[PDB]
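Beneath this line is the structure, given in structure tokens, with notes to follow.
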Amino acid sequence: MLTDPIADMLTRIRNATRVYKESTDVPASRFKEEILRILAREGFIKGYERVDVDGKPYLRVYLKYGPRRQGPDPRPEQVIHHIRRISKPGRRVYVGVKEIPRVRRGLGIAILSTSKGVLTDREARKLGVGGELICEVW
Amino acid sequence: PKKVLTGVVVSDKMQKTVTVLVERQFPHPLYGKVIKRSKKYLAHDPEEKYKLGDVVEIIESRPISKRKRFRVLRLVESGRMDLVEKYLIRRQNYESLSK
Amino acid sequence: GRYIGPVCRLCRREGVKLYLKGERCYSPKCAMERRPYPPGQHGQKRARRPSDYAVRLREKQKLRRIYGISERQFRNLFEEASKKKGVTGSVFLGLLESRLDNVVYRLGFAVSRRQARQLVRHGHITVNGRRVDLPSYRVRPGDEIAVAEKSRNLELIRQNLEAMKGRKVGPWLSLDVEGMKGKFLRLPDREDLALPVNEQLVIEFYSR
Amino acid sequence: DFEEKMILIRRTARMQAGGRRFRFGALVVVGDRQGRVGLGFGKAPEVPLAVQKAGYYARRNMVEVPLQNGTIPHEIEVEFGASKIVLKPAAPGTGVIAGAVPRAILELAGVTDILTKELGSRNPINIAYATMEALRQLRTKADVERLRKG
Amino acid sequence: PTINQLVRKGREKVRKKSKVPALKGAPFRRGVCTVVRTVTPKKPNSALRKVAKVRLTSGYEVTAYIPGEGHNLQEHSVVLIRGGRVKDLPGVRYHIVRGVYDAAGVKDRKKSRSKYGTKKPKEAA
RNA sequence: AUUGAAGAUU
RNA sequence: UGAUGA
RNA sequence: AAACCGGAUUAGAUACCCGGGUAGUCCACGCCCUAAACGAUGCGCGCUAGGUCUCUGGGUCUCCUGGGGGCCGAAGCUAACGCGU
RNA sequence: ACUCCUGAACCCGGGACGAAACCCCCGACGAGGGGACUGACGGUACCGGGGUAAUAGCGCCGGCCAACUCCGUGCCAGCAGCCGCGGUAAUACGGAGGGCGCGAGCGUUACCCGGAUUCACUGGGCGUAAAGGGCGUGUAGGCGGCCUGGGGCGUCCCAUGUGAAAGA
Ligand SMILES: [Mg+2]
Ligand SMILES: [Mg+2]
Ligand SMILES: [Mg+2]
Ligand SMILES: [Mg+2]
Ligand SMILES: [Mg+2]
Ligand SMILES: [Mg+2]
């Protein structure tokens, strides 16, 4: 049935970038969108937009890389080095504000969902609230 | 404050008494996952009033018997025989577990 | 406690001059002039290429052997230094350097640490006037370290304190030569000490 | 001139008609203690030419180690085969608390405060190779910023 | 295992076994001898090794090694036992403490004197 | 006696 | 079809 | 064709080879519940280059497009061997 | 060794705090003021004077692991935490010189945690290393696509009570 849609997205994304695709559809959900917004803003993706395919709502995700590279193996560095689900249907994961993780001494993000909406970790910390720890990303 | 618990009536087979199944759920100390867990309470129903399938509040009470220690505070909703159904089948699984 | 045995003899082995005698370890030997090599039947056969361990060992040996404080006591001071706030390698140095017996010597009242230690045990020293006979005594900043007026007479106190008339003293210390007394101004900054010793390696010896 | 420490020498052996035939392998690190290290694996009929040969390959294989005062930008774990290394940043005063293999490598990039763990297979060669890959993999605030601007 | 699985069964504590029923934990036990046989080692080892059968205050009767140059033990000898296998002699897992009870210390012993149980001798000392 | 030394062999 | 222990 | 009865072979031959032979192999009904019961690879779903052979549908039938069976092998994975829509 | 110097012990002299209340007197049996008795530790601690060069042991030195040489011994006697030493040249046995380590201690044995991501939540695996159930059906249970609204149980936040002393 597809059991964790948000896992899915992270994975679709993880997969498309390692073969350096320009873009990936992922079937669209409001929540998925909210996570994408962060990705976009935090400068991990170029951007994203709604689209249809076979006339059902998707989300094209435009991915983003580094420059062509030095010697044998000219593959660009990845912008999204690591994108990992934390909370999962098997095991939900929640943090109080005092215990939100700091991803790769701040060079990374942790999307995290609160009752004040979906936020990066600094975002959440600032508005002094915690919630479901969605994924890390660096 | 006298504890208030809310559950499902799964037995009226006793005079002035009801058995109430109260589910509780929480994060498992080591393994994290939110796990369910429940307990039946025998509660005081003096006007043999609440019946099989009612959802009720249960309130911490001055003792009535050995094991009667709660009284039926009120009714939340009637009908919920699915919940009783759940309990009953789980109960009958038990035969199909010995020798 | 404390060592007691052949000495300008590790002025040796540890590879480098420790002035443990002081008075002589200054003049055609810390024993170390005549034979700059390890002791015993084997000490001048070809150096064995020493292990990462060996190295760390000797280095702490070196440092400790300088203040002649015992392993038990040394270790306690180190653990003290670890858990304390700030850069643990240094602080440890500050702390060893705060031992009365060492300070008595840094002030020149004696010519060595082992000799200095005796003057402390034998009542010849005061701290802020009140007498103190503990080598291990922790000197804090602002403390005045006197010769005991009763002891001010002996051929030794004379000779050593006279010897100091010309002499310069620790940036972190002060010493009024005439009135036979010193002040402990501040604990020494790593830079103030010139110890033949890489402390980061000592820290490393107390890892595994 | 960089610094050069020998992490490992071993004697391997192959078989031929009547008798075995020995060889020597040498793991050598070279570093300027200022954010530049190299690993070198050199093998030869004799220890010296081997060690020496390592030296040569070490200098031909070098890394940007972005020190940030004694320590590294952030945490990394790297797997190399069954070998795994974790590298952790530390405030000054700590030291290089590592195993002999990555200590050697960290020390010669002039890392002075780092917390490490060897996990998985502890085989020196691969631990050393992971360590290098780990360092080779460190980014800094700057690089990230460049990457994400677009 | 899945996490549900760990919730269901959990991990299992690796709780492991003594090598030395000198029973009640006890760091030493007192026994009385029975045989003072000699035994051949195994492996690639050849020699005539000293052993006693010891009947213990544990209730237990077992074989123990008699360490050092030469002993003075026989049938009714009465001895303290310490644990320490022999490793060349499978089924020998306890040593006899030398210098306790009816076990003489090792005569003429200069070096590791503390084991073997022999007093500081007097010569030029 | 033999073996590097033994077991075995006169 | 066999080739005593290290 | 186990067993077993003989014939050879062999140092011997409770075996390999040869001549016989009962259970069994076959059927019905009831048991047994095992295996190198193997892809030594649990089941479902989503994602990630291609080439070529093949079974079986559909299309506008060079081909395109489903569902099986194969091999080679992007990225990747693996201790390696390998695995690889 | 030997020169000088200091002076643990030991001797002499002094000598505690710990104890100001109960009580009595004044006041008023109050408040407040005055007064007296009382020390097991103990002639101890501590202070002053005098003053003797005055105890060193245990473990270890093949590798891991810091520290090497000569005899003896000849798969013996023995060592041995694991790997392993000893078969006539033993840095591995026993002794000795020397050496390393710790020091009024040093070693041994037993037991607990560590290292052991070797029960793996943090943090493991199952083609050939140990590990896919012989295969299905489907009970409990676990898990559950996209949109909107209620509720607010989980979850998150603020305040507040609680979390004794010891310990840290
Ligand atoms: Mg792996
Ligand atoms: Mg392993
Ligand atoms: Mg054979
Ligand atoms: Mg042998
Ligand atoms: Mg495993
Ligand atoms: Mg298997």
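Here, A, B, ... name the chains of the structure tokens in the order displayed, residue numbers run from 1 inside each chain, and ligands are numbered from 1 in the same displayed order.
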request  = Would you mind writing down, as a ChimeraX atom specification, each residue of chain E that DSSP on the backbone assigns to helix (DSSP H, G or I)?
outcome  = /E:3-8
request  = Could the residues that lie within 8 Å of ligand 2, counting only C-alpha atoms (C1' of nucleotides) and all ligand atoms, be listed as a list in words?
outcome  =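 Those residues are residues 120, 121 and 122 of chain D.
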message = Using only C-alpha atoms (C1' of nucleotides) and all ligand atoms, which residues of the polymer chains come no farther than 10 Å from ligand 4? I'd like the answer as a ChimeraX atom specification.
response = /E:42-47 /F:5-6 /G:5-6 /I:75,86-87
task = For range 79-89 of chain D, work out the shell of residues within 6 Å, counting only C-alpha atoms (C1' of nucleotides) and skipping chain neighbours fewer than 3 positions away, then give it as a list in words.
result =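 Residues meeting the cut-off are residues 71, 72, 74, 75, 76, 114, 115, 116, 117, 118, 119, 120, 121, 126, 127 and 130 of chain D.
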request  = Would you mind listing what lies within 10 Å of residue 4 in chain D as a list in words, with only C-alpha atoms (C1' of nucleotides) counted and same-chain residues fewer than 4 positions away left out?
outcome  =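 In the requested format, the answer is residues 28, 29, 30, 31, 32, 37, 38, 39, 40, 54, 55, 58, 59, 104, 105 and 108 of chain D.
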Take the residues from that selection and write them out as a JSON list (two decimals), in the first residue's frame, keeping N, CA, C and O atoms.
[["chain", "number", "residue", "atom", "x", "y", "z"],
["D", 28, "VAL", "N", 52.64, 4.00, 6.12],
["D", 28, "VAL", "CA", 53.30, 5.24, 6.53],
["D", 28, "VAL", "C", 52.44, 6.48, 6.29],
["D", 28, "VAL", "O", 51.80, 6.63, 5.22],
["D", 29, "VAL", "N", 52.43, 7.35, 7.31],
["D", 29, "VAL", "CA", 51.73, 8.62, 7.27],
["D", 29, "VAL", "C", 52.73, 9.74, 7.16],
["D", 29, "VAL", "O", 53.82, 9.64, 7.71],
["D", 30, "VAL", "N", 52.35, 10.80, 6.47],
["D", 30, "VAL", "CA", 53.19, 11.99, 6.39],
["D", 30, "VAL", "C", 52.28, 13.18, 6.59],
["D", 30, "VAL", "O", 51.13, 13.22, 6.09],
["D", 31, "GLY", "N", 52.80, 14.16, 7.34],
["D", 31, "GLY", "CA", 52.01, 15.35, 7.65],
["D", 31, "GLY", "C", 52.82, 16.55, 8.06],
["D", 31, "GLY", "O", 53.87, 16.42, 8.69],
["D", 32, "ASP", "N", 52.31, 17.73, 7.70],
["D", 32, "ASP", "CA", 52.93, 19.00, 8.08],
["D", 32, "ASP", "C", 52.40, 19.52, 9.39],
["D", 32, "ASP", "O", 52.62, 20.67, 9.71],
["D", 37, "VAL", "N", 47.69, 15.77, 5.59],
["D", 37, "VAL", "CA", 48.21, 14.40, 5.79],
["D", 37, "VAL", "C", 48.09, 13.52, 4.57],
["D", 37, "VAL", "O", 47.24, 13.76, 3.67],
["D", 38, "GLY", "N", 48.91, 12.48, 4.57],
["D", 38, "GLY", "CA", 48.87, 11.44, 3.53],
["D", 38, "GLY", "C", 49.17, 10.04, 4.04],
["D", 38, "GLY", "O", 50.04, 9.86, 4.93],
["D", 39, "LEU", "N", 48.45, 9.07, 3.49],
["D", 39, "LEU", "CA", 48.64, 7.65, 3.82],
["D", 39, "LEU", "C", 49.36, 6.94, 2.71],
["D", 39, "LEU", "O", 49.06, 7.20, 1.54],
["D", 40, "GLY", "N", 50.30, 6.07, 3.04],
["D", 40, "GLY", "CA", 51.03, 5.37, 1.99],
["D", 40, "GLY", "C", 51.24, 3.90, 2.25],
["D", 40, "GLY", "O", 51.79, 3.51, 3.32],
["D", 54, "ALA", "N", 56.66, 3.45, 0.70],
["D", 54, "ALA", "CA", 55.46, 3.98, 1.34],
["D", 54, "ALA", "C", 55.49, 5.51, 1.33],
["D", 54, "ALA", "O", 54.64, 6.15, 0.65],
["D", 55, "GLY", "N", 56.48, 6.08, 2.04],
["D", 55, "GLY", "CA", 56.83, 7.51, 2.01],
["D", 55, "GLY", "C", 56.41, 8.13, 0.68],
["D", 55, "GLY", "O", 55.50, 8.98, 0.62],
["D", 58, "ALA", "N", 52.68, 8.00, 0.04],
["D", 58, "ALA", "CA", 52.00, 8.86, 1.00],
["D", 58, "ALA", "C", 51.94, 10.28, 0.46],
["D", 58, "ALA", "O", 50.85, 10.85, 0.38],
["D", 59, "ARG", "N", 53.09, 10.83, 0.04],
["D", 59, "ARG", "CA", 53.13, 12.22, -0.43],
["D", 59, "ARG", "C", 52.35, 12.44, -1.72],
["D", 59, "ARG", "O", 51.95, 13.56, -2.02],
["D", 104, "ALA", "N", 48.26, 8.52, 15.20],
["D", 104, "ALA", "CA", 49.21, 8.78, 14.14],
["D", 104, "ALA", "C", 48.67, 9.65, 13.03],
["D", 104, "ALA", "O", 49.32, 10.57, 12.64],
["D", 105, "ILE", "N", 47.49, 9.37, 12.50],
["D", 105, "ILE", "CA", 47.04, 10.14, 11.33],
["D", 105, "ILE", "C", 46.52, 11.51, 11.73],
["D", 105, "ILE", "O", 46.86, 12.53, 11.15],
["D", 108, "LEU", "N", 49.39, 13.98, 12.86],
["D", 108, "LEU", "CA", 50.15, 14.60, 11.81],
["D", 108, "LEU", "C", 49.31, 15.52, 10.90],
["D", 108, "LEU", "O", 49.88, 16.24, 10.08]]
inquiry  = For residue 147 in chain D, find every residue with an atom within 8 Å (counting only C-alpha atoms (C1' of nucleotides)), except residues of its own chain fewer than 6 positions away, and show them as a list in words.
reply    = residues 65, 66 and 79 of chain A
Can you check which parts of chain I lie within 12 Å of ligand 6? Per residue, the shortest pair of atoms and distance in Å to one decimal, counting only C-alpha atoms (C1' of nucleotides) and all ligand atoms, sorted by chain and number, as a Markdown table.
| residue | atom | partner | partner_atom_place_in_ligand_line | distance |
| --- | --- | --- | --- | --- |
| I:126 | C1' | ligand 6 | 1 (Mg) | 8.2 |
| I:127 | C1' | ligand 6 | 1 (Mg) | 9.1 |
| I:128 | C1' | ligand 6 | 1 (Mg) | 7.4 |
| I:129 | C1' | ligand 6 | 1 (Mg) | 7.2 |
| I:130 | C1' | ligand 6 | 1 (Mg) | 6.7 |
| I:131 | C1' | ligand 6 | 1 (Mg) | 6.9 |
| I:132 | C1' | ligand 6 | 1 (Mg) | 10.9 |
Only N, CA and C atoms (P, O5', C5', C4', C3', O3' and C1' of nucleotides), please: the residues just picked out, written as a PDB file, in the first residue's frame.
ATOM      1  P     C I 126      23.462 -10.320   7.182  1.00  0.00           P
ATOM      2  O5'   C I 126      22.738 -11.729   7.336  1.00  0.00           O
ATOM      3  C5'   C I 126      23.500 -12.898   7.653  1.00  0.00           C
ATOM      4  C4'   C I 126      22.599 -14.092   7.667  1.00  0.00           C
ATOM      5  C3'   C I 126      21.504 -14.064   6.629  1.00  0.00           C
ATOM      6  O3'   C I 126      22.129 -14.573   5.473  1.00  0.00           O
ATOM      7  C1'   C I 126      20.580 -14.616   8.720  1.00  0.00           C
ATOM      8  P     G I 127      21.658 -14.135   3.998  1.00  0.00           P
ATOM      9  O5'   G I 127      21.995 -15.430   3.121  1.00  0.00           O
ATOM     10  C5'   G I 127      20.967 -16.097   2.353  1.00  0.00           C
ATOM     11  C4'   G I 127      21.564 -17.126   1.419  1.00  0.00           C
ATOM     12  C3'   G I 127      22.877 -17.754   1.879  1.00  0.00           C
ATOM     13  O3'   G I 127      22.630 -19.052   2.421  1.00  0.00           O
ATOM     14  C1'   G I 127      23.142 -16.757  -0.274  1.00  0.00           C
ATOM     15  P     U I 128      23.571 -19.624   3.589  1.00  0.00           P
ATOM     16  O5'   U I 128      24.928 -19.895   2.810  1.00  0.00           O
ATOM     17  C5'   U I 128      25.333 -21.237   2.549  1.00  0.00           C
ATOM     18  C4'   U I 128      26.723 -21.272   1.976  1.00  0.00           C
ATOM     19  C3'   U I 128      27.828 -20.959   2.956  1.00  0.00           C
ATOM     20  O3'   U I 128      28.034 -22.152   3.666  1.00  0.00           O
ATOM     21  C1'   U I 128      28.175 -19.722   0.986  1.00  0.00           C
ATOM     22  P     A I 129      27.659 -22.219   5.207  1.00  0.00           P
ATOM     23  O5'   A I 129      28.799 -21.309   5.829  1.00  0.00           O
ATOM     24  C5'   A I 129      28.606 -19.944   6.157  1.00  0.00           C
ATOM     25  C4'   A I 129      29.616 -19.597   7.206  1.00  0.00           C
ATOM     26  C3'   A I 129      29.083 -19.594   8.628  1.00  0.00           C
ATOM     27  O3'   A I 129      29.231 -20.946   9.039  1.00  0.00           O
ATOM     28  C1'   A I 129      30.574 -17.748   8.207  1.00  0.00           C
ATOM     29  P     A I 130      27.962 -21.823   9.520  1.00  0.00           P
ATOM     30  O5'   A I 130      27.729 -21.254  10.983  1.00  0.00           O
ATOM     31  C5'   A I 130      27.317 -22.107  12.033  1.00  0.00           C
ATOM     32  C4'   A I 130      26.148 -21.471  12.732  1.00  0.00           C
ATOM     33  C3'   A I 130      25.042 -20.950  11.823  1.00  0.00           C
ATOM     34  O3'   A I 130      24.131 -22.032  11.661  1.00  0.00           O
ATOM     35  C1'   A I 130      25.656 -19.277  13.406  1.00  0.00           C
ATOM     36  P     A I 131      23.305 -22.223  10.291  1.00  0.00           P
ATOM     37  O5'   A I 131      22.102 -21.188  10.444  1.00  0.00           O
ATOM     38  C5'   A I 131      21.232 -21.280  11.594  1.00  0.00           C
ATOM     39  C4'   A I 131      20.398 -20.040  11.754  1.00  0.00           C
ATOM     40  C3'   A I 131      19.804 -19.523  10.456  1.00  0.00           C
ATOM     41  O3'   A I 131      18.508 -20.063  10.408  1.00  0.00           O
ATOM     42  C1'   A I 131      20.906 -17.758  11.582  1.00  0.00           C
ATOM     43  P     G I 132      18.125 -21.037   9.242  1.00  0.00           P
ATOM     44  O5'   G I 132      18.120 -20.061   7.980  1.00  0.00           O
ATOM     45  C5'   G I 132      17.227 -18.937   7.932  1.00  0.00           C
ATOM     46  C4'   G I 132      15.862 -19.386   7.482  1.00  0.00           C
ATOM     47  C3'   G I 132      15.713 -19.578   5.986  1.00  0.00           C
ATOM     48  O3'   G I 132      14.548 -20.321   5.606  1.00  0.00           O
ATOM     49  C1'   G I 132      14.466 -17.696   6.616  1.00  0.00           C
TER      50        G I 132
END
What are the closest atom pairs, with distances in Å to one decimal, for each residue of chain H lying within 12 Å of ligand 1, using only C-alpha atoms (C1' of nucleotides) and all ligand atoms, rows by chain and rising residue number, as a Markdown table?
| residue | atom | partner | partner_atom_place_in_ligand_line | distance |
| --- | --- | --- | --- | --- |
| H:77 | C1' | ligand 1 | 1 (Mg) | 9.8 |
| H:78 | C1' | ligand 1 | 1 (Mg) | 8.3 |
| H:79 | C1' | ligand 1 | 1 (Mg) | 9.0 |
request  = Find the spatial neighbours of residue 78 in chain I, counting only C-alpha atoms (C1' of nucleotides), within a cut-off of 12 Å - ignore same-chain residues fewer than 2 positions away - and output them as a list in words.
outcome  = residues 45, 46, 47, 48, 49, 50, 66, 67, 68, 69 and 70 of chain E; 73, 75, 76, 80, 85, 86, 92, 93 and 94 of chain I
ask   = Taking only C-alpha atoms into account, which of A:90, A:106, A:101, A:131 comes nearest chain E?
value = A:90
request  = From a DSSP calculation on the backbone, collect every residue of range 3-96 of chain B in strand (DSSP E or B) and output the set as a ChimeraX atom specification.
outcome  = /B:4-14,17-27,34-44,55-60,68-77
Write to file, as a compact mmCIF listing (two decimals), in the first residue's frame, the residues of the selection just made, with N, CA and C atoms.
# COMPACT_ATOMS: atom_id res chain seq x y z
N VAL B 4 -9.69 9.42 37.98
CA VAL B 4 -10.80 9.14 37.04
C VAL B 4 -10.33 8.39 35.80
N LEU B 5 -10.98 7.28 35.49
CA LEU B 5 -10.49 6.43 34.43
C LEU B 5 -11.63 6.20 33.55
N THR B 6 -11.40 6.15 32.24
CA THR B 6 -12.53 5.86 31.38
C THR B 6 -12.35 4.59 30.59
N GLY B 7 -13.38 3.74 30.57
CA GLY B 7 -13.30 2.42 29.92
C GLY B 7 -14.57 1.88 29.29
N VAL B 8 -14.58 0.58 29.00
CA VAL B 8 -15.74 -0.08 28.38
C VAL B 8 -16.25 -1.16 29.27
N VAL B 9 -17.56 -1.20 29.43
CA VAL B 9 -18.22 -2.23 30.22
C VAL B 9 -18.24 -3.55 29.46
N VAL B 10 -17.60 -4.59 30.00
CA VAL B 10 -17.60 -5.90 29.35
C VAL B 10 -18.23 -6.97 30.22
N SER B 11 -18.90 -6.59 31.30
CA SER B 11 -19.66 -7.58 32.05
C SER B 11 -20.70 -6.99 32.99
N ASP B 12 -21.96 -7.45 32.87
CA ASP B 12 -23.05 -7.06 33.81
C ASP B 12 -23.61 -8.29 34.52
N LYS B 13 -22.85 -9.37 34.40
CA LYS B 13 -23.21 -10.67 34.95
C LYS B 13 -23.19 -10.71 36.48
N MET B 14 -22.97 -9.56 37.11
CA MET B 14 -22.95 -9.49 38.56
C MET B 14 -23.92 -8.43 39.00
N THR B 17 -22.79 -4.55 39.95
CA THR B 17 -21.40 -4.43 39.54
C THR B 17 -21.20 -4.55 38.02
N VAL B 18 -20.17 -3.85 37.53
CA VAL B 18 -19.72 -3.91 36.15
C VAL B 18 -18.21 -4.06 36.07
N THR B 19 -17.76 -4.83 35.08
CA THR B 19 -16.36 -4.94 34.76
C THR B 19 -16.06 -3.93 33.67
N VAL B 20 -15.04 -3.10 33.88
CA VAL B 20 -14.70 -2.07 32.92
C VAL B 20 -13.28 -2.16 32.40
N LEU B 21 -13.14 -2.26 31.09
CA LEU B 21 -11.84 -2.41 30.48
C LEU B 21 -11.31 -1.04 30.17
N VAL B 22 -10.18 -0.68 30.80
CA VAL B 22 -9.54 0.64 30.62
C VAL B 22 -8.21 0.46 29.90
N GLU B 23 -8.11 1.01 28.70
CA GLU B 23 -6.88 0.88 27.94
C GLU B 23 -6.03 2.06 28.33
N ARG B 24 -4.73 1.89 28.19
CA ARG B 24 -3.77 2.89 28.61
C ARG B 24 -2.72 2.81 27.54
N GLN B 25 -2.12 3.91 27.12
CA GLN B 25 -1.00 3.76 26.19
C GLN B 25 0.17 4.71 26.37
N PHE B 26 1.36 4.20 26.09
CA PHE B 26 2.59 4.90 26.39
C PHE B 26 3.82 4.38 25.67
N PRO B 27 4.87 5.21 25.65
CA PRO B 27 6.20 4.92 25.15
C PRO B 27 6.82 3.86 26.03
N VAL B 34 5.19 3.43 20.98
CA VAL B 34 4.04 3.62 21.88
C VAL B 34 3.29 2.31 21.91
N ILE B 35 3.15 1.71 23.10
CA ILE B 35 2.51 0.39 23.21
C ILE B 35 1.23 0.52 23.98
N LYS B 36 0.19 -0.25 23.66
CA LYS B 36 -1.08 -0.26 24.45
C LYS B 36 -1.04 -1.28 25.57
N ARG B 37 -1.95 -1.16 26.51
CA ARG B 37 -1.92 -2.04 27.64
C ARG B 37 -3.19 -1.73 28.38
N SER B 38 -3.82 -2.75 28.96
CA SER B 38 -5.09 -2.52 29.63
C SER B 38 -5.31 -3.30 30.93
N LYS B 39 -6.41 -2.93 31.59
CA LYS B 39 -6.80 -3.46 32.90
C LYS B 39 -8.33 -3.40 33.08
N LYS B 40 -8.89 -4.50 33.57
CA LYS B 40 -10.29 -4.52 33.96
C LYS B 40 -10.43 -4.02 35.38
N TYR B 41 -11.44 -3.19 35.61
CA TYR B 41 -11.80 -2.76 36.96
C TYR B 41 -13.22 -3.24 37.27
N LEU B 42 -13.48 -3.65 38.51
CA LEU B 42 -14.86 -3.93 38.92
C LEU B 42 -15.37 -2.69 39.59
N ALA B 43 -16.41 -2.13 39.01
CA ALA B 43 -16.93 -0.87 39.46
C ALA B 43 -18.38 -0.95 39.99
N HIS B 44 -18.69 -0.09 40.95
CA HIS B 44 -19.97 -0.09 41.64
C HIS B 44 -21.07 0.57 40.83
N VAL B 55 -19.55 3.05 27.32
CA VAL B 55 -18.29 3.64 27.75
C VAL B 55 -18.61 4.51 28.95
N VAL B 56 -17.85 4.33 30.03
CA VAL B 56 -18.10 5.00 31.30
C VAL B 56 -16.86 5.65 31.90
N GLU B 57 -17.06 6.67 32.69
CA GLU B 57 -16.00 7.06 33.58
C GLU B 57 -16.13 6.30 34.92
N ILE B 58 -14.99 6.04 35.53
CA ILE B 58 -14.78 5.18 36.69
C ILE B 58 -14.04 6.11 37.67
N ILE B 59 -14.42 6.11 38.95
CA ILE B 59 -13.78 7.06 39.89
C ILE B 59 -13.27 6.40 41.16
N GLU B 60 -12.08 6.83 41.59
CA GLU B 60 -11.37 6.25 42.72
C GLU B 60 -12.23 6.38 43.95
N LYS B 68 -13.87 -4.54 44.48
CA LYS B 68 -14.59 -3.29 44.16
C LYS B 68 -13.99 -2.05 44.86
N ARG B 69 -13.49 -1.11 44.07
CA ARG B 69 -12.79 0.08 44.58
C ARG B 69 -12.99 1.29 43.69
N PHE B 70 -13.87 1.15 42.72
CA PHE B 70 -14.25 2.28 41.90
C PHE B 70 -15.77 2.31 41.75
N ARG B 71 -16.32 3.51 41.58
CA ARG B 71 -17.76 3.65 41.31
C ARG B 71 -17.95 4.22 39.92
N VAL B 72 -19.09 3.93 39.30
CA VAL B 72 -19.37 4.45 37.94
C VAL B 72 -19.84 5.94 37.94
N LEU B 73 -18.88 6.84 37.73
CA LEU B 73 -19.10 8.28 37.67
C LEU B 73 -20.17 8.77 36.67
N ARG B 74 -20.11 8.32 35.41
CA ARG B 74 -21.12 8.67 34.39
C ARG B 74 -21.02 7.80 33.15
N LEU B 75 -21.75 8.20 32.11
CA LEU B 75 -21.71 7.49 30.84
C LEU B 75 -21.20 8.40 29.75
N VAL B 76 -20.29 7.88 28.93
CA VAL B 76 -19.70 8.68 27.87
C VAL B 76 -20.44 8.43 26.57
N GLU B 77 -20.58 7.16 26.19
CA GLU B 77 -21.38 6.83 25.02
C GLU B 77 -21.84 5.39 25.06
task = Kindly provide, as a PyMOL selection string, all nucleotide and amino acid residues lying within 12 Å of ligand 3, counting only C-alpha atoms (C1' of nucleotides) and all ligand atoms.
result = chain G and resi 2-5
Once you have the residues from the selection above, write them out as a PDB file, in the first residue's frame, restricted to N, CA, C and O atoms (P, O5', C5', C4', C3', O3' and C1' of nucleotides).
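Output file selection34.pdb is given in full below:
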ATOM      1  P     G G   2      45.117 -46.222   2.440  1.00  0.00           P
ATOM      2  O5'   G G   2      45.928 -46.439   3.798  1.00  0.00           O
ATOM      3  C5'   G G   2      46.569 -47.679   4.070  1.00  0.00           C
ATOM      4  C4'   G G   2      47.585 -47.608   5.195  1.00  0.00           C
ATOM      5  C3'   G G   2      48.355 -46.334   5.509  1.00  0.00           C
ATOM      6  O3'   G G   2      47.706 -45.406   6.387  1.00  0.00           O
ATOM      7  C1'   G G   2      49.790 -48.211   5.669  1.00  0.00           C
ATOM      8  P     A G   3      48.482 -44.043   6.927  1.00  0.00           P
ATOM      9  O5'   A G   3      49.844 -44.568   7.532  1.00  0.00           O
ATOM     10  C5'   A G   3      51.002 -44.188   6.859  1.00  0.00           C
ATOM     11  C4'   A G   3      52.176 -44.438   7.723  1.00  0.00           C
ATOM     12  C3'   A G   3      52.898 -43.147   8.079  1.00  0.00           C
ATOM     13  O3'   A G   3      53.764 -43.350   9.186  1.00  0.00           O
ATOM     14  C1'   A G   3      53.888 -44.182   6.183  1.00  0.00           C
ATOM     15  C1'   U G   4      54.794 -43.470  15.258  1.00  0.00           C
ATOM     16  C3'   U G   4      53.674 -41.988  13.792  1.00  0.00           C
ATOM     17  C4'   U G   4      53.393 -43.401  13.347  1.00  0.00           C
ATOM     18  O3'   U G   4      52.464 -41.288  13.687  1.00  0.00           O
ATOM     19  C5'   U G   4      53.853 -43.740  11.940  1.00  0.00           C
ATOM     20  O5'   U G   4      54.709 -42.738  11.425  1.00  0.00           O
ATOM     21  P     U G   4      54.330 -42.096   9.988  1.00  0.00           P
ATOM     22  P     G G   5      52.448 -39.691  13.677  1.00  0.00           P
ATOM     23  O5'   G G   5      52.431 -39.336  15.232  1.00  0.00           O
ATOM     24  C5'   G G   5      53.663 -39.053  15.891  1.00  0.00           C
ATOM     25  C4'   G G   5      53.460 -38.652  17.325  1.00  0.00           C
ATOM     26  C3'   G G   5      53.797 -37.189  17.575  1.00  0.00           C
ATOM     27  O3'   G G   5      52.676 -36.350  17.432  1.00  0.00           O
ATOM     28  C1'   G G   5      55.133 -38.511  18.978  1.00  0.00           C
TER      29        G G   5
END
query = Mind listing the residues within 9 Å of ligand 5, only C-alpha atoms (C1' of nucleotides) and all ligand atoms counted, as a list in words?
reply = residues 117, 118, 120, 124 and 125 of chain I
